Amino acid sequence: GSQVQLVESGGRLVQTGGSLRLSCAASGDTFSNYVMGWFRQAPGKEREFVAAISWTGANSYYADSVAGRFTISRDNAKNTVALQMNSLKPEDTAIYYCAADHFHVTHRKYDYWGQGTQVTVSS
Amino acid sequence: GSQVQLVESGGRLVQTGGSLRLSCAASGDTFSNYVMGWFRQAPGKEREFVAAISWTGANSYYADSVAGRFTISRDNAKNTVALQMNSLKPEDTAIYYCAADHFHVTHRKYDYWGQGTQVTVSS
Amino acid sequence: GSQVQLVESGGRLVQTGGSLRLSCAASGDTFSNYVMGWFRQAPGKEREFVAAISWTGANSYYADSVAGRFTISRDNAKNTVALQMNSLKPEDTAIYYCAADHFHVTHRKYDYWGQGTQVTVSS
Amino acid sequence: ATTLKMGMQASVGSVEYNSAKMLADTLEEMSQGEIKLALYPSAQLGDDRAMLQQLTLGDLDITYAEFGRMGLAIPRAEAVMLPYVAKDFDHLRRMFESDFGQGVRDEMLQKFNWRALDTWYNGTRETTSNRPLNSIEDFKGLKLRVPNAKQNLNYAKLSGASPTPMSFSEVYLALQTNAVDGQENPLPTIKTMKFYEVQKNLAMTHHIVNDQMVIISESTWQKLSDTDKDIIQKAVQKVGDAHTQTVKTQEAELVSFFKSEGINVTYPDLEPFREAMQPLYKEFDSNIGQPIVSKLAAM
Amino acid sequence: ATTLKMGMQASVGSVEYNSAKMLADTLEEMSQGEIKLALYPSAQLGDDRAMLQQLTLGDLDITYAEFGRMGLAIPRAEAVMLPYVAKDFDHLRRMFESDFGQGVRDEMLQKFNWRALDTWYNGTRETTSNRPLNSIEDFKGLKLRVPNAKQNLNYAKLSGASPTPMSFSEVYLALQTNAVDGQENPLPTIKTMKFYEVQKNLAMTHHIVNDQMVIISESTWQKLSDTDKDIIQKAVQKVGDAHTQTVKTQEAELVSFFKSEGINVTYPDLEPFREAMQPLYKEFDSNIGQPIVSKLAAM
Amino acid sequence: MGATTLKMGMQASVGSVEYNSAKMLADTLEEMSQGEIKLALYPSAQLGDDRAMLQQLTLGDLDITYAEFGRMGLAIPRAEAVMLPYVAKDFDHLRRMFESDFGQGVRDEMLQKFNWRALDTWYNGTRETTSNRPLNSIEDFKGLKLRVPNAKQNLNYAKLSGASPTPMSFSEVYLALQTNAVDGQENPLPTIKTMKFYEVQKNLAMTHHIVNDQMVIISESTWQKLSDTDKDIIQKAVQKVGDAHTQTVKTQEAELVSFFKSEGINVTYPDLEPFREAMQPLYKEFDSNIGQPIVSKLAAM
Amino acid sequence: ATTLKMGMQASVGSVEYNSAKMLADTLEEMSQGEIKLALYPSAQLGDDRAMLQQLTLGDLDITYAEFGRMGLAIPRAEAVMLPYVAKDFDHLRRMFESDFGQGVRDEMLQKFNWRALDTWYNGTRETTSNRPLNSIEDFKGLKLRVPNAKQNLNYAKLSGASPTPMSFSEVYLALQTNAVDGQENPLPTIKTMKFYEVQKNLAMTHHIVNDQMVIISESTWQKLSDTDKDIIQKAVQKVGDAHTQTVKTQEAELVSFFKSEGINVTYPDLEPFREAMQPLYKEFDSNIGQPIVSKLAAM
C-alpha cells in the first residue's frame, strides 16, 4: 500500500564524551502502524542495527555496542522517532539512518529508509 | 482499400414528437475496424456530436442533448450504422452526418464523412 | 598535504661550451607521484619546455633545442630532480624553473613551480 | 499529489504485472509519494483495445500495447506485427526507432492521444497444442485459439489451422475442455498462465515477436510537471531494462522446464510458414497504398 | 605546520565553496605549505548556528556567517538583517564598519571567540515559488520555506505567507514534493542548488541583503604567528574581493538565465512589502531597549 | 577530415573480455562509418602499462585506452577514493559514483587538465584473491607474498590484510606464480580464467575487496578533430559494446566458480568483516590527505 | 475502379511526398474510392529519368519532373534550367506558359507520352559545403556533388569546382564520409534530407530555379473517363497551390533555422557567377541551331 517517507535531522560534529539527539520525521502512511528503527553505516562496513521501538513505545531493542548509552523514543502525535546518543566515542562516527517497518526484523532490511545524516565524533 | 466511403439516408420532414430512423451504408475498408459516429450541423455553427458506437457495439456514446431520445446501432454483416431518433423537436433540425474513425475521439474530427441527410422537424 | 613546494639551486655564470648541473629539492606531497620538469624563461616570452622525467625515471622528454646536450634525472629517495647541462651556449641564458605535475603536459602549464634559478652563459 | 491509473490484461504473477508493480513502487519511491500508480490487472477494465480507447478519451492514464497493435488506429503500423517480418527484438526496436517508427508514434500522439514512453521485449510467440505439430501439415484442421488481432488470425488461417478468436481470460478453460486444440503465446506467458498444464505439445514456431509499449495518456502527461515527467521516464526505462532481460532469461530457460513437465517440444520446419505469408505481405502493401513490408524487413 | 578546519553549509559548486577552496589553495601557496585549510562543506558539521558554536568552544577554526546572524549571540546585531533595512552591500558594509559595527565585532571576539576577518557580498535574497507572485496578495496561503532565522521568518509572516522553518539541505526535495510552494535565497544560490528546475516562478522581492563574514576562532587566531596572521588576513582578503565581484556579476546575468530556462520572473510592487515591515522595526528597537534601526538605515 | 584510424592500447591480451570488446568495438566502428573510422588495437601492454598509455593520450600520441575511474587518482587524487577497498559495494554503486556531481567533476578535470574524454565505463569484475596456500581467514594473509599491480589501493588491501605486498606489472604475473616467487595475486573472475592464473594457483579466496569498472577514454584532442556524426557513431557504439561487456562479465562471474572447483581449485569464503576491520584507518587518512572528506559521501551513494 | 501508380525520388517527409499523399487522399475522396493513387517514393523505381522512361512505355502512371529535365528528350527544353537564366519561379512559370513552352508541352505528349498537368515551385538551389564560400573564387578544388543533369554540372565546372555526378540517395553519405566537399539543392530539400548535419557552410548562390511538373502517362490518361480527368486536373492544381506556397514559406524561414544550427551562411557576390555562364549561353544557342536564351531571359 502507501509508502512511508522518512527525513532525518541532527547530524553534527561532537566531541568524545558528548551527547547528541537525532530526529526523524515520518510522512505518507500511518506512523503508528510501523516499528521504527535506527541504523548506522561506516564507509566500508555494513548497516549496523542501533535501536528499534515498537508501535506503542512499550518494546525497545538495542545493539550491545550502544546499550546504556543510547535511548530510542517515539512520538505518535508528532509522527517522529528520536535517538538520544550519550557518551559518544570516535567509534560512533557514521551516517545514521532512520528506518520503518511493520515489525522489528533481523533476517532482512527494513522496508523504508531515510537518506541519512552524518554524525562525526572527534577524538 | 485504405479509406471508407459513407452514404447517409433517411432525411425527411417530420413533426415535433415524431420519430425518424437514419441509416448509413459504409464501403471500402473493413467496417468493423471503425467506430461509427453521428454528427449534425446547423448553418453557421460547429458540427455537434450526436452519438458514436464502438467496433462491436459494446460501447455507445451520446450527447446530453439527445440522451434517452436517440439510439445508435450498427450491423457488421450489412456494414451499416443507424440512428433511431425519437421525441424530436424543431431544435433537432439539422443536416446529420455519418462519420467513421478508428477510435472514438473528442479532441479531433473524425477521419471519414458521407455528406449527410437533411432532417427537418416542424413545430 | 597535497601541494608541492620546489626549490631550485645551481645557477651560475658559466662559459660557452661549459657544463652546469641544476638541482631542485621538492617537499610536501609524495615526490614519486609527480612528473618533474624543467622550464626556462627569458623576459617578455613565454617559458620554453626544456626537459621532463616520469615518475620512475623510465620516460624522459626533451626539447629539440637541448636534446643531446642536456640530461634530466631524479632521485626519489632524496626527493630531488637534476638537470645536467653540457655544451652550454649563450642562447641558453635564462631563468630555469623546476616544475612538478601529476603527468607530463604540453597543452597547459605545470601545476607547481620553484622560485627560479639564474643561468648565465658567457660568449 | 498525482495518482495515475494503469490497466492491463496481464494477471498478478506475470512478468507484465511484476514490472508494473516495480514501476509503481519505483515511482512512489523516486517521487517520495507524490506520484502513485494504481494497478488494474486481469483486464477488469476491458481488453487492450478497450483500454487504449480509454486513454484516447482521457479516462485511463497508462496501459500496455504492442507497437504493432497500433494498427488498430494507424493501419501501416500493423506491418511490424506481420508474421515472421520482424526477425528478433532488436529488429523490432529498429522499426520502432526508424523514421517510420517516429512517424507512427507522432500519429499515435497527435491523433489518438497516446504517448509511447518506451517499448520492452515481451517474448516471441510459440504454438501449444493437444496434438503434436511436427509440420505445417499438422496444423490442418487444428482448432487454434488466437487473440482478437488480425495478424495472429492470419498466422493461424494461413498455416491451415482453424482460428478461434477468444479473449485472454477464457483461454485456459477452453484448452482444458479441448473446446480448442491449441493456442499461441510467448513462453513466459505460457508458464505464468499455466497453459502447459492443459497443453502437452509445444511448437517452436517463432511466428510473431511481441514488444510492449508503455503508453501514457497525452492529456494526463501534459498536466504533469517536468520533474514528474523525468521521474516517470527514468523509472520506465529502468523497469524496462529489467523486463526485457527477464523475458530473454526466461525464453532461454523455459523450454527445458516444459520438457521437465513432460511437454513434447517440436521444431517444425519454418520455411513453408514464411512461404505461406508472402501473398499476405503483398496484400498488405497494396492495402496501405505504399510499400513498407520490404522496407521494414530490411531494417 | 598548521592545518585549519573550515566548515560551511554551502555545497561544492557554490560561490561560497569556490572562494573557500580558493582560500585553501592561496594559503598553502602563500605559506609555502605551512598553512593548510581542510574544508567541510554541505553542513556535515551542522548548520551555521552549530558551526559558530563549535568555534566558540574551539572545536572548529573557521566558518561563514552573516553579520546579522550574530543576533543569535548579540541581539542588536540582528538589525542589519531586518528585511529591507539594508539597501545594498555597500550600505551593509558601512554598518559593519561603523562604531556600532565595531562594538558588535568586539563583543563577538571577547564574549564568543569570533574574530571577523572580513565580510563579503553573498547576494540579495529573492523569492521563488510554484505559483506566480505578482503582488503581495499572491503571498497569502503560500507555504514559504525560510531558514531557522528570525528575520527570514518575519519576512515570510509579515508578507502574509505561511512560514516553514527548514534546514538548507532539505529544501530542494521539499520543493520537488510540494510539501513546499516556495523558498527565498539569493540568485546565485538558486542557480547552484538548482532550485529553478523545481520552481517555475521568481519574484524579485529584494527583501534581505546577505553578507558573509569569514570568522576564525579567536583562540586559534592567538596561536598563529604574525606572519601567519598576515598571510590569512591578506588571503581572506584576496578571495573576498573576487567573491564579491563574482556575486555581483552573477546577479547581473542570472535573471536572463532563468528566463531562458522558462522561469516566469515577476517584479512585484515592494511598497506594500516595505510598509508591512514598519511595525517590526518598532518591536525590535523596543526589544533592544535602545533605538538602532533608524540609525542603521541612515548610514 | 577524411578517413580516420584511431589507436587503442590495452594491457589485456587476445582472448580477454577486454580485448574481445575492443575488437567488437573495432568491428562495430568501421561498419557503421562505412570504413571512415578504423580502430587499431595494441594489446598485451606493448605500449606500456595503463599509466604509460594514459600519459600517451595526454600528449596526443595514443587515441584510446582503458582505465578504471579510480585509476584517475594518479592525476586527480580525490578520484582514487572510488577504488578504496570495499568502499564501492557493486558496479551499480560505482556507476552512481561515476555519474554523481563528484564524478562529473572528476571527468571535467580529466578533460581540461589531462586530455581524457571518458565516453563510458564498463564493469570489469570484482577482484578476488588466489594463493598457493589456503586463505580461510584474514589471519592466513600474514606472511603471504601477495602480488599487486602498481596501484596504491591494491597495495593497501594487501598491506592491511597482513600480507607482504609485491608490486609488479601484469605481464610478469603468471610466471611469478609458476615460480612461487609470489605466493598469490588478486584479480577478477574473468581475468584469472583468461590469464590462466588458476593453472598455477590452487586456492581462490572470495574476498570481494575491490570492484573494477573500465572506462573507455579517448584523447580529447583527437575527439575534437572528429565530425559530429563520427562522434555519434563512436558514442553509439562504445555504449553499444559496453552493455555487452558488462553483461559478459556478470555472466562469467556467476559461472566461473563452478568451473574452478571442477579444476580442483580450493575456494574459501573467509569472513570479510575483519578485512573491513582494517580499511577504517585508511579511509580516515584518505579524507585527511585530501583536505576534504569524500569517502563517507561516496560510500553512501 | 482505377489504381494509378506514382513514383518519385523524394523521400517521406519531403514537400514532394507530402504533396503526393495529399494528392492521393484528395483523389480517393473526390472520387469516392474511385481513383486510388499508389506512391513509390525514395527512387525505388529508379531516378526521375528512369521513371520518365516508364511513363513513356506505359509501365508507370505518374511521376514528377522539372520542365528543364525535359531536355533529356527535347534538347531545347534544357535552356529553361540553364544557370541564372530564370531569376525566379514566376519567370520560369512564364516560360512554361509561353508559346515556346507549349511547343515543348506538345512534343512531350506526342513523342514521349508525357502529359504535363501542372508545374509547381520546388525551390531555388543553393550550395552547401564543408568550407566557407564567400566568393566564386572559393569554389576551386571544391569537390561539389551535382546531379545526373548537365546544367547542374555546368554550374559546377564554370564556377570552377570539380563536379561529381551522384545519385540523390547517395548524397548524405558522400557528405558524411567527406568523399564530397559540397552539394547543391533547394533549402527545403537540404532540411528534409538533413544535409545540414554533414555540411557546416551554406552559400546562397541562387543558381537554378526548380519547378516540378506533375506528369501523367498519356496512355493512362486516355483510359480514364472525362470525369476522372477533371477530378485529377482539379486535384493537382489544388495541391500545387499548397505545394508552391509551402516552398515559398519554408524558403523564407530556413536561413534563420540553419543559423540556429551553427551553419555559417554566406551571401556571395552573384555577378561573378553570371559572367561564368556567358560562354555557356553562347554554346547553347549555337548548339541548338536557333537563339533562345535571350528569348527566355526576356519573358
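Chains X, R, F, Q, M, E and G, in that order, give the protein sequences. Just so we're aligned: 32 in the entry's author numbering is position 34 of the first sequence, and the numbers increase by one with no gaps anywhere. Just so we're aligned: 22 in the entry's author numbering is position 24 of the second sequence, and the numbers increase by one with no gaps anywhere. Just so we're aligned: 20 in the entry's author numbering is position 22 of the third sequence, and the numbers increase by one with no gaps anywhere. Just so we're aligned: 154 in the entry's author numbering is position 154 of the fourth sequence, and the numbers increase by one with no gaps anywhere. Just so we're aligned: 232 in the entry's author numbering is position 232 of the fifth sequence, and the numbers increase by one with no gaps anywhere. Just so we're aligned: 179 in the entry's author numbering is position 181 of the sixth sequence, and the numbers increase by one with no gaps anywhere. Just so we're aligned: 257 in the entry's author numbering is position 257 of the seventh sequence, and the numbers increase by one with no gaps anywhere. Ideal Cβ positions, reconstructed from N, Cα and C, are used throughout, including at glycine.
For X:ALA97, no chain E residue has a Cβ inside 8 Å of its Cβ, as the nearest lies near 15 Å away. If you look at F:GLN13, you'll find it in the beta strand (DSSP E) that goes 11 to 13.
With its beta carbon at least 8 Å from every one in chain Q, R:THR118 lies outside the interface. Per the DSSP secondary-structure output, X:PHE68 pairs in a beta bridge with X:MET83. A Cβ of chain E is located within less than 8 Å of the beta carbon of X:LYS43.
By the Cβ-count criterion, Q:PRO279 is exposed, with fewer than 16 other Cβ atoms from all chains shown falling within 10 Å of its own Cβ. Any Cβ of chain M closer than 8 Å to the Cβ of F:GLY114 would place that residue at the interface, and such an atom is absent. With respect to the 8 Å criterion, G:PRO268 and G:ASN134 are classified as neighbours on the basis of their beta carbons. Distance from the Cα of Q:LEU82 is smallest, within the candidate group Q:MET299, Q:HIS207, Q:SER286, for Q:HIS207. Judged by their CB atoms, Q:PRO188 and Q:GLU126 are not nearer to each other than the 8 Å cut-off. For R:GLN1, at least one C-beta of chain G is nearer than 8 Å to its own C-beta. Looking at the DSSP output, M:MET213 bridges to M:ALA65, M:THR119. Cβ-Cβ separation between G:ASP48 and G:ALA65: approximately 5 Å, consistent with a contact (criterion under 8 Å).
At a cut-off of 8 Å between beta carbons, M:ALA38 makes no contact with chain X. At a Cβ-Cβ threshold of 8 Å, X:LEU20 and X:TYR108 do not count as neighbours. Annotation for Q:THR220: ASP61 place their beta carbon closer than 6 Å to its own, counting only its chain and skipping 5 residues before and after.
Between M:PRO165 and M:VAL146, the C-beta spacing is below 8 Å.
DSSP places Q:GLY240 in the helix class (H, G or I) of the three-state scheme.
M:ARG274 is not a Cβ neighbour of M:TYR155, given a cutoff of 8 Å. For M:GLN237, no chain F residue has a C-beta closer than 7 Å to its own C-beta; the minimum C-beta separation is roughly 20 Å. Under a criterion of Cβ atoms nearer than 7 Å, the residues of chain F adjacent to E:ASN113 are, in order, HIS105.
For G:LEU144, no CB of chain E lies under 8 Å from its own CB, so it is not counted at the interface with that chain. F:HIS105 and F:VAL48 have their C-alpha atoms some 15 Å from each other. In this structure, the alpha-carbon of Q:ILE232 lies about 10 Å from that of Q:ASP226. Under the DSSP assignment, Q:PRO272 falls in the alpha helix (DSSP H) whose first and last residues are 271 to 288. Taking 9 Å as the cut-off between beta carbons, the residues of the segment 62 to 87 of chain E near chain F are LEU72, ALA73, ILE74, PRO75, in sequence order.
Counting only Cβ-Cβ distances below 7 Å, M:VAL15 has no contacts in chain E at all, with the closest Cβ about 16 Å away. A direct Cα-Cα distance of roughly 10 Å separates Q:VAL293 from Q:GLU78. For E:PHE284 and E:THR26, the gap between their C-alpha atoms comes out near 41 Å. At a cut-off of 8 Å, the C-beta of Q:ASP99 has a neighbouring C-beta in chain G. Cβ contact annotation for X:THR118 (same chain, cutoff 6 Å, sequence separation greater than five): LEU11, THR91, in chain order.
Within the same chain, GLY7 come within 6 Å of G:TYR40 by CB-CB distance, once the 5 residues on both sides are set aside. Taking all protein chains shown into account, G:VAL239 has 16 or more neighbouring C-beta atoms within 10 Å of its C-beta and is therefore buried. When Cβ pairs closer than 8 Å are counted between the two stretches, the segment 110 to 117 of chain F is seen not to touch the segment 23 to 38 of chain Q, the count staying below three.
Boundaries of the beta strand (DSSP E) harbouring R:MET34: 33 to 39, taken from the DSSP string. Here X:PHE101 is exposed: its Cβ has fewer than 16 other Cβ atoms, across all protein chains shown, within 10 Å.
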